[PDB]
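Student: Before I ask anything, let me first share the structure, which is written out below as structure tokens.
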Amino acid sequence: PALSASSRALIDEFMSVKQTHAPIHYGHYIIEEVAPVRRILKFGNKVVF
Amino acid sequence: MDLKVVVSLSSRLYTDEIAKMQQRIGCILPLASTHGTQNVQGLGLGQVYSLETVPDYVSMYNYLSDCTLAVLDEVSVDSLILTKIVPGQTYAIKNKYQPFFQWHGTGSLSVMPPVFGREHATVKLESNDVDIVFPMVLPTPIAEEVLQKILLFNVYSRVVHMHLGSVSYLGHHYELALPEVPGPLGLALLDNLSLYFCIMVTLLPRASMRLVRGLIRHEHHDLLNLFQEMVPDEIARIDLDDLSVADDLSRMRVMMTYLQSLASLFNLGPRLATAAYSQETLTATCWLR
Amino acid sequence: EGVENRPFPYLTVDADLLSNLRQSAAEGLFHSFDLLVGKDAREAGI
Amino acid sequence: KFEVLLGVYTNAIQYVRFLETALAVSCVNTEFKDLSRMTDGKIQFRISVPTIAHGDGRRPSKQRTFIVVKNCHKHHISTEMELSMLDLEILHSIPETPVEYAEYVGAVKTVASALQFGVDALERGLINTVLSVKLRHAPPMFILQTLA
Amino acid sequence: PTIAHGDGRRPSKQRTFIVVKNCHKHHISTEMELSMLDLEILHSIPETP
Amino acid sequence: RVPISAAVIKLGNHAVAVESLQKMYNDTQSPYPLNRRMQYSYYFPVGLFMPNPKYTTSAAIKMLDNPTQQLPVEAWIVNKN
Amino acid sequence: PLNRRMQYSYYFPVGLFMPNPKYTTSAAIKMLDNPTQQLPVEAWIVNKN
């Protein structure tokens, strides 16, 4: 699975809390990407590993 | 000059495949590159003629025109050895093709896409995932009518078709497979033929209509049998003109150049000029025309 | 393109100056160079 | 007013060798060369694994031999070296004047830098085909962390 | 040098690069001054302390 | 016999060698067969509908619309940059 | 000559418009205004001091 979302807000909350982010918020979803490569993401300065 | 390609396999060729390739020794194979050592994935005609897509033969004709040709002389384990075909050398080509056309007249041969079917010349390698298809070698009098059947099936899909689907020979009739759609490049050749015809229809002469009219009403040749004793009206309304020689002479010069251009368009695929064919040895000493 | 090809006595240095050469000549690090492939790679006629 | 040639330089091609590199640790070079002479590319081994003599009355612990056949991979390694014909025309022409002696020495040096090119090309093609053999029979580690 | 390949590819023959490097020229110059009163004494001979 | 230039590392009881043929291939300007390609397939859905007993698990995010009727219609993904 | 300078270009938008399905991804920012009818007129940036 790739890093998919349903709104920009779940994207902005994925970087804010990597552990306590909600995969579902009422109708929207966010699909955290797993892969053989752990691609590192940077949105401004909030990095996730 | 060493003219010898050693096409090498990755995996081991099984014994039944060795027997099937030893059954085909001396046949034409087209190569991808002209160099001394190659790989199997790229040997033959299978890269343009695949099982997944429609049989389009006009791109196979231009592939056989562009890439080099080689004969198969030695097949062994893990490797099969080929001999290239260059101008200036005489090569022995045996008739191992499944719709058998006898080369009695020693006519010039022609290298064809496998229009008669894949599965008789499909010869299959279960060592590596590749399919070697051998191009059909056959004389050009059969080749022109096979190419015209290919070109005519696409225009007679709309409007008896078993005569166009099969081939005609002196001894036998063989079934050659036609697709429902020719393809992009076959449609391009049919488009170029349509533009040539729709331009050249106005540059037709007027005098030969008077010949066919007086010959229909006067003397039936064996060649005049197609009309079934009937003339259309277009002949009449182009025979409401008087005949001169100057415009007809310029029209016949441009007709000469247009018939030369049509000779350029129909001549597709390689041709081999045979000399001293041996019917008892079943091989033929040939060179590239 | 500004280079002569004469049968010079070329001094044989031991530097590793083959590394990234066929790609560096393509982009144009060298202002003037001659590529001699095949029969042109010869100590030329005097 | 002159035009200085500030020196003139060429590179020394390093002589790689397959028995000098450590890729030949994983290969034993047999001096037999009969598997090139042999028609079939197979060799049959009568291997015999041991067995644990079991005691409960389940099944008799029959001996284990395996008649395994290892097919040999024959690879063909080929380079080419386009060599000019007017180098041959000086190679056969005996030189007498010192300028044609220098030109003939240059022709021999051009020829001896093509045979050396061929030998240096077949000691890199050998390492390349050996390394491609060891990368064709190399299943990945995410399989053989468990299959092994 | 070139690797001999067994797969059918267009093989590069014996290549030889002849790359030359042209020299540069850097011409530098400062400008110093000298009073003519400091030269009319330099080109004389004195007989006085 | 002769010294072989090969850095030998000790992994337990075996003393394996570590040799790089990168210099052998960079003098050809040919690619080293250990810089391989790896193509994984990436799949993601777009436009799904979460079933009508609806929930959140985050008291931080507050959208200004009706939570019962909201449909994903696009899927914001990320690039390699 | 080893006290050189840089030319970094800094770009920032002034007075954009957030689209209509408005969200937020934080607590503890409570404004006494209408969140649906919100528009930036400025862009507060930070000096080098």
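In the structure tokens, each chain is lettered A, B, ... as it comes, each chain's residues begin at 1, and ligands are numbered from 1 in order of appearance.
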Using only C-alpha atoms, determine which residues lie at most 8 Å from residue 22 in chain G, disregarding the query and same-chain residues fewer than 6 positions distant; provide the list as a list in words.
Tutor: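 These residues fall inside the cut-off: residues 63, 64 and 65 of chain F; 36 of chain G.
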Student: If you count only C-alpha atoms, which residues fall within 10 Å of range 90-105 of chain D, apart from same-chain ones fewer than 2 positions away, as a ChimeraX atom specification?
Tutor: /C:7,43-46 /D:85-88,107-111
Student: Output as JSON, numbers by chain the set of chain C residues within 7 Å of chain D, with distances taken over only C-alpha atoms.
Tutor: {"C": [10, 11, 12, 13, 14, 15, 38, 39, 42, 43, 45, 46]}
Student: Give me a file of those residues, with N, CA and C atoms, as a CSV table (one decimal), in the first residue's frame.
Tutor:
```csv
chain,number,residue,atom,x,y,z
C,10,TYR,N,53.7,8.9,-26.3
C,10,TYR,CA,52.9,9.2,-25.1
C,10,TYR,C,53.5,8.6,-23.9
C,11,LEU,N,53.7,9.5,-22.9
C,11,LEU,CA,54.2,9.1,-21.6
C,11,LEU,C,53.1,8.3,-20.9
C,12,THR,N,53.4,7.2,-20.2
C,12,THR,CA,52.5,6.3,-19.7
C,12,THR,C,52.4,6.6,-18.2
C,13,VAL,N,51.4,7.4,-17.8
C,13,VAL,CA,51.1,7.7,-16.4
C,13,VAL,C,50.3,6.6,-15.8
C,14,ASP,N,50.2,6.5,-14.5
C,14,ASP,CA,49.4,5.5,-13.8
C,14,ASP,C,48.1,5.9,-13.2
C,15,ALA,N,47.6,7.1,-13.6
C,15,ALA,CA,46.5,7.7,-12.9
C,15,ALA,C,45.2,6.9,-13.3
C,38,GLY,N,37.5,2.0,-33.2
C,38,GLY,CA,37.6,1.1,-34.3
C,38,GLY,C,39.0,1.2,-35.0
C,39,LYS,N,39.1,1.6,-36.2
C,39,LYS,CA,40.3,1.7,-36.9
C,39,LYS,C,41.0,3.1,-36.7
C,42,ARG,N,44.5,4.4,-33.7
C,42,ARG,CA,45.8,3.9,-34.2
C,42,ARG,C,46.8,5.0,-34.0
C,43,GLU,N,48.0,4.7,-33.9
C,43,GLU,CA,49.1,5.7,-33.9
C,43,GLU,C,49.2,6.1,-35.4
C,45,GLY,N,49.4,8.1,-39.2
C,45,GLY,CA,50.5,8.2,-40.2
C,45,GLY,C,51.3,9.4,-40.0
C,46,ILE,N,52.6,9.3,-40.1
C,46,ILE,CA,53.5,10.4,-40.0
C,46,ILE,C,53.6,11.1,-41.3
```
Student: Identify all chain D residues at most 9 Å from chain E by counting only C-alpha atoms; ligands do not count. Present them as a list in words.
Tutor: residues 6, 13, 75, 76, 77, 78, 79, 80, 81, 82, 83, 114, 117, 118, 120, 121, 122, 123, 124, 125, 126, 128 and 129 of chain D
Student: Residues of the last selection are to be written out with N, CA and C atoms, as a PDB file, in the first residue's frame.
Tutor:
```pdb
ATOM      1  N   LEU D   6      53.036  21.251 -23.666  1.00  0.00           N
ATOM      2  CA  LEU D   6      53.462  21.178 -22.273  1.00  0.00           C
ATOM      3  C   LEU D   6      53.589  19.762 -21.752  1.00  0.00           C
ATOM      4  N   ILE D  13      46.666   0.961 -18.882  1.00  0.00           N
ATOM      5  CA  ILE D  13      45.533   0.073 -18.654  1.00  0.00           C
ATOM      6  C   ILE D  13      45.956  -0.981 -17.642  1.00  0.00           C
ATOM      7  N   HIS D  75      29.069 -20.992 -21.708  1.00  0.00           N
ATOM      8  CA  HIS D  75      28.883 -19.613 -22.128  1.00  0.00           C
ATOM      9  C   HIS D  75      29.922 -19.237 -23.171  1.00  0.00           C
ATOM     10  N   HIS D  76      29.502 -18.424 -24.133  1.00  0.00           N
ATOM     11  CA  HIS D  76      30.356 -17.990 -25.230  1.00  0.00           C
ATOM     12  C   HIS D  76      30.634 -16.504 -25.067  1.00  0.00           C
ATOM     13  N   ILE D  77      31.912 -16.152 -25.001  1.00  0.00           N
ATOM     14  CA  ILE D  77      32.365 -14.807 -24.678  1.00  0.00           C
ATOM     15  C   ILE D  77      33.105 -14.279 -25.899  1.00  0.00           C
ATOM     16  N   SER D  78      32.601 -13.213 -26.521  1.00  0.00           N
ATOM     17  CA  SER D  78      33.183 -12.776 -27.789  1.00  0.00           C
ATOM     18  C   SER D  78      33.237 -11.259 -27.878  1.00  0.00           C
ATOM     19  N   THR D  79      34.430 -10.729 -28.130  1.00  0.00           N
ATOM     20  CA  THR D  79      34.653  -9.333 -28.482  1.00  0.00           C
ATOM     21  C   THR D  79      35.203  -9.254 -29.897  1.00  0.00           C
ATOM     22  N   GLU D  80      35.266  -8.035 -30.426  1.00  0.00           N
ATOM     23  CA  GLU D  80      35.853  -7.801 -31.736  1.00  0.00           C
ATOM     24  C   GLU D  80      36.726  -6.557 -31.682  1.00  0.00           C
ATOM     25  N   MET D  81      37.675  -6.487 -32.613  1.00  0.00           N
ATOM     26  CA  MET D  81      38.698  -5.440 -32.621  1.00  0.00           C
ATOM     27  C   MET D  81      38.926  -5.009 -34.069  1.00  0.00           C
ATOM     28  N   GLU D  82      38.239  -3.947 -34.482  1.00  0.00           N
ATOM     29  CA  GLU D  82      38.363  -3.452 -35.848  1.00  0.00           C
ATOM     30  C   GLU D  82      39.746  -2.853 -36.048  1.00  0.00           C
ATOM     31  N   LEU D  83      40.537  -3.473 -36.913  1.00  0.00           N
ATOM     32  CA  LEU D  83      41.931  -3.108 -37.101  1.00  0.00           C
ATOM     33  C   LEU D  83      42.111  -2.663 -38.543  1.00  0.00           C
ATOM     34  N   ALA D 114      45.958  -4.065 -29.818  1.00  0.00           N
ATOM     35  CA  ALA D 114      44.686  -4.691 -30.137  1.00  0.00           C
ATOM     36  C   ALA D 114      44.628  -6.139 -29.692  1.00  0.00           C
ATOM     37  N   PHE D 117      44.236  -5.640 -26.237  1.00  0.00           N
ATOM     38  CA  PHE D 117      42.837  -5.292 -26.032  1.00  0.00           C
ATOM     39  C   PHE D 117      41.960  -6.533 -26.014  1.00  0.00           C
ATOM     40  N   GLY D 118      42.251  -7.507 -26.873  1.00  0.00           N
ATOM     41  CA  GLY D 118      41.466  -8.730 -26.882  1.00  0.00           C
ATOM     42  C   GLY D 118      41.673  -9.569 -25.637  1.00  0.00           C
ATOM     43  N   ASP D 120      42.774  -8.426 -22.680  1.00  0.00           N
ATOM     44  CA  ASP D 120      42.161  -7.667 -21.598  1.00  0.00           C
ATOM     45  C   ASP D 120      40.646  -7.633 -21.692  1.00  0.00           C
ATOM     46  N   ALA D 121      40.075  -7.901 -22.862  1.00  0.00           N
ATOM     47  CA  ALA D 121      38.631  -7.974 -23.001  1.00  0.00           C
ATOM     48  C   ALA D 121      38.088  -9.340 -22.649  1.00  0.00           C
ATOM     49  N   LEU D 122      38.903 -10.379 -22.764  1.00  0.00           N
ATOM     50  CA  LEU D 122      38.470 -11.716 -22.392  1.00  0.00           C
ATOM     51  C   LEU D 122      38.839 -12.081 -20.968  1.00  0.00           C
ATOM     52  N   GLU D 123      39.549 -11.212 -20.260  1.00  0.00           N
ATOM     53  CA  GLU D 123      39.688 -11.348 -18.823  1.00  0.00           C
ATOM     54  C   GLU D 123      38.736 -10.442 -18.069  1.00  0.00           C
ATOM     55  N   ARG D 124      38.039  -9.547 -18.759  1.00  0.00           N
ATOM     56  CA  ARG D 124      36.912  -8.837 -18.179  1.00  0.00           C
ATOM     57  C   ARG D 124      35.596  -9.495 -18.536  1.00  0.00           C
ATOM     58  N   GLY D 125      35.511 -10.088 -19.724  1.00  0.00           N
ATOM     59  CA  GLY D 125      34.322 -10.835 -20.079  1.00  0.00           C
ATOM     60  C   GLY D 125      34.202 -12.121 -19.302  1.00  0.00           C
ATOM     61  N   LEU D 126      35.335 -12.706 -18.920  1.00  0.00           N
ATOM     62  CA  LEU D 126      35.323 -13.896 -18.079  1.00  0.00           C
ATOM     63  C   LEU D 126      34.788 -13.581 -16.690  1.00  0.00           C
ATOM     64  N   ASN D 128      32.912 -11.072 -16.018  1.00  0.00           N
ATOM     65  CA  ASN D 128      31.518 -10.674 -16.190  1.00  0.00           C
ATOM     66  C   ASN D 128      30.590 -11.878 -16.300  1.00  0.00           C
ATOM     67  N   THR D 129      30.980 -12.908 -17.056  1.00  0.00           N
ATOM     68  CA  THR D 129      30.127 -14.089 -17.159  1.00  0.00           C
ATOM     69  C   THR D 129      30.132 -14.910 -15.882  1.00  0.00           C
TER      70      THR D 129
END
```
Student: Just give me the gap between CA of residue 43 in chain B and CA of residue 32 in chain F in Å, one decimal is fine.
Tutor: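 We find that CA of residue 43 in chain B and CA of residue 32 in chain F lie 26.1 Å from each other.
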Student: Do me a favour and pick out the residues of chain D within 8 Å of chain F, using only C-alpha atoms, as a ChimeraX atom specification.
Tutor: /D:16,20-23,124,132
Student: Please save N, CA, C and O atoms of the selected residues as a compact mmCIF listing (two decimals), in the first residue's frame.
Tutor:
```
# COMPACT_ATOMS: atom_id res chain seq x y z
N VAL D 16 43.71 -6.55 -15.24
CA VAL D 16 42.88 -7.37 -14.36
C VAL D 16 43.07 -8.83 -14.75
O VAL D 16 43.41 -9.16 -15.89
N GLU D 20 43.51 -13.31 -10.12
CA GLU D 20 44.01 -12.29 -9.21
C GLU D 20 42.89 -11.71 -8.35
O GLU D 20 43.13 -11.36 -7.19
N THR D 21 41.68 -11.62 -8.89
CA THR D 21 40.57 -11.12 -8.10
C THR D 21 40.07 -12.20 -7.15
O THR D 21 40.40 -13.39 -7.28
N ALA D 22 39.29 -11.78 -6.17
CA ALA D 22 38.75 -12.69 -5.17
C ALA D 22 37.42 -13.30 -5.58
O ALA D 22 36.81 -14.01 -4.78
N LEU D 23 36.95 -13.04 -6.80
CA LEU D 23 35.79 -13.76 -7.31
C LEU D 23 36.12 -15.22 -7.57
O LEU D 23 35.21 -16.06 -7.57
N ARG D 124 38.04 -9.55 -18.76
CA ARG D 124 36.91 -8.84 -18.18
C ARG D 124 35.60 -9.50 -18.54
O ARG D 124 34.66 -9.47 -17.74
N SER D 132 27.86 -13.01 -13.59
CA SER D 132 26.47 -13.20 -13.98
C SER D 132 25.98 -14.62 -13.74
O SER D 132 24.77 -14.83 -13.64
```
Student: If we count only C-alpha atoms, what is near range 23-35 of chain A at a cut-off of 6 Å, once residues fewer than 4 positions away on the same chain are taken out, given as an MDAnalysis selection string?
Tutor: (chainID A and resid 1:6) or (chainID F and resid 50 54:56 67 70)
Student: Residues of chain C that approach chain F to 8 Å or less, counting only C-alpha atoms: could you list each one with the shortest pair of atoms and its distance in Å to one decimal, rows by chain and increasing residue number, as JSON lines?
Tutor:
```
{"residue": "C:18", "atom": "CA", "partner": "F:27", "partner_atom": "CA", "distance": 5.4}
{"residue": "C:19", "atom": "CA", "partner": "F:26", "partner_atom": "CA", "distance": 5.6}
{"residue": "C:20", "atom": "CA", "partner": "F:29", "partner_atom": "CA", "distance": 6.8}
{"residue": "C:21", "atom": "CA", "partner": "F:29", "partner_atom": "CA", "distance": 7.4}
{"residue": "C:22", "atom": "CA", "partner": "F:29", "partner_atom": "CA", "distance": 6.4}
{"residue": "C:23", "atom": "CA", "partner": "F:29", "partner_atom": "CA", "distance": 7.9}
```
Student: Produce a file of the selected residues containing C-alpha atoms, as a short mmCIF file (atom, residue, chain, number, x, y, z; two decimals), in the first residue's frame.
Tutor:
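Output file selection15.cif is given in full below:
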```cif
data_model
loop_
_atom_site.label_atom_id
_atom_site.label_comp_id
_atom_site.auth_asym_id
_atom_site.auth_seq_id
_atom_site.Cartn_x
_atom_site.Cartn_y
_atom_site.Cartn_z
CA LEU C 18 39.28 6.34 -16.99
CA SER C 19 36.66 6.75 -14.27
CA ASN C 20 33.56 8.60 -15.52
CA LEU C 21 35.03 9.44 -18.91
CA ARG C 22 32.57 8.30 -21.59
CA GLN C 23 29.81 10.12 -19.70
#
```
Student: At a cut-off of 8 Å, using only C-alpha atoms, what residues contact residue 95 in chain B? Leave out same-chain residues fewer than 3 positions from it and give the result as number ranges by chain.
Tutor: B: 27, 100, 137, 282-283
Student: Kindly save the residues from that selection, with N, CA and C atoms included, as a short mmCIF file (atom, residue, chain, number, x, y, z; two decimals), in the first residue's frame.
Tutor:
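This went into again_10.cif:
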```cif
data_model
loop_
_atom_site.label_atom_id
_atom_site.label_comp_id
_atom_site.auth_asym_id
_atom_site.auth_seq_id
_atom_site.Cartn_x
_atom_site.Cartn_y
_atom_site.Cartn_z
N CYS B 27 16.63 -24.15 -42.26
CA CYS B 27 15.54 -23.21 -42.43
C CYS B 27 16.01 -21.79 -42.16
N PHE B 100 3.41 -27.50 -47.76
CA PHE B 100 4.48 -27.85 -48.68
C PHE B 100 4.18 -27.29 -50.06
N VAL B 137 9.09 -19.88 -46.22
CA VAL B 137 9.83 -19.66 -47.46
C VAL B 137 9.09 -20.37 -48.59
N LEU B 282 16.52 -32.22 -51.94
CA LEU B 282 15.41 -31.40 -51.39
C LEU B 282 15.95 -30.07 -50.88
N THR B 283 17.21 -29.74 -51.15
CA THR B 283 17.81 -28.47 -50.76
C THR B 283 18.03 -27.65 -52.02
#
```
Student: Using DSSP on the backbone coordinates, identify the residues of chain C assigned to strand (DSSP E or B); present them as a ChimeraX atom specification.
Tutor: /C:11-13,33-35
Student: Given only C-alpha atoms as the basis, pick out the residue of B:76, B:260, B:22, B:128 nearest to chain D.
Tutor: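 Nearest candidate to chain D out of B:76, B:260, B:22, B:128: B:76.
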Student: Closest to chain A among F:10, F:42, F:53, F:59, using only C-alpha atoms?
Tutor: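 With only C-alpha atoms as the atom set, the closest residue is F:42.
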Student: Quote the spacing between CA of residue 255 in chain B and CA of residue 204 in chain B in Å to one decimal place.
Tutor: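 Here the two named atoms are 8.0 Å from each other.
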Student: Name the residues of range 17-262 of chain B that come out as alpha helix (DSSP H) in a backbone DSSP run; write them as an MDAnalysis selection string.
Tutor: chainID B and resid 17:22 58:66 140:153 161:165 184:200 207:218 234:238 246:262
Student: Please, which residues in chain C fall within 7 Å of chain E when counting only C-alpha atoms, and what is the closest atom pair and distance in Å to one decimal for each, ordered by chain then residue number, as a tab-separated table?
Tutor:
```
residue	atom	partner	partner_atom	distance
C:3	CA	E:20	CA	6.4
C:30	CA	E:19	CA	6.9
C:32	CA	E:19	CA	6.4
C:33	CA	E:19	CA	4.2
C:34	CA	E:18	CA	5.0
C:35	CA	E:17	CA	4.8
C:36	CA	E:16	CA	5.1
C:37	CA	E:15	CA	4.2
C:38	CA	E:13	CA	5.3
C:41	CA	E:16	CA	5.6
```
Student: Can you list, as a PyMOL selection string, every protein, DNA or RNA residue that comes within 9 Å of residue 52 in chain F when you count only C-alpha atoms, leaving out same-chain residues fewer than 3 positions away?
Tutor: (chain A and resi 27) or (chain F and resi 49+68-69)
Student: Residues of chain B within 7 Å of chain D: nearest atom pair and distance (Å, one decimal) for each, counting only C-alpha atoms, sorted by chain and number, as CSV?
Tutor:
```
residue,atom,partner,partner_atom,distance
B:37,CA,D:78,CA,6.6
B:77,CA,D:41,CA,6.7
B:78,CA,D:74,CA,6.9
```
Student: Which residues come within 12 Å of residue 28 in chain G, counting only C-alpha atoms, excluding same-chain residues fewer than 2 positions away, as a list in words?
Tutor: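 Selected residues are residues 59, 60 and 61 of chain F; 24, 25, 26, 30 and 31 of chain G.
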Student: Just the number, please: distance in Å from CA of residue 168 in chain B to CA of residue 144 in chain B, one decimal.
Tutor: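 These two atoms are separated by 11.6 Å.
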Student: For chain B against chain E, which residues fall within 7 Å using only C-alpha atoms, given as a compact mmCIF listing (two decimals) with N, CA and C atoms, in the first residue's frame?
Tutor:
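The resulting selection_33.txt:
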```txt
# COMPACT_ATOMS: atom_id res chain seq x y z
N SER B 33 20.45 -9.15 -34.02
CA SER B 33 21.73 -8.51 -34.32
C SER B 33 22.52 -9.39 -35.27
N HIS B 35 25.74 -10.20 -34.97
CA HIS B 35 27.04 -10.44 -34.35
C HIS B 35 27.24 -11.91 -34.02
N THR B 37 27.88 -13.82 -31.25
CA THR B 37 27.28 -14.53 -30.13
C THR B 37 26.08 -13.74 -29.64
N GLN B 38 24.92 -14.39 -29.63
CA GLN B 38 23.67 -13.73 -29.27
C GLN B 38 22.95 -14.54 -28.21
N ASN B 39 21.76 -14.07 -27.85
CA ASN B 39 20.89 -14.82 -26.96
C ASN B 39 19.64 -15.28 -27.71
```
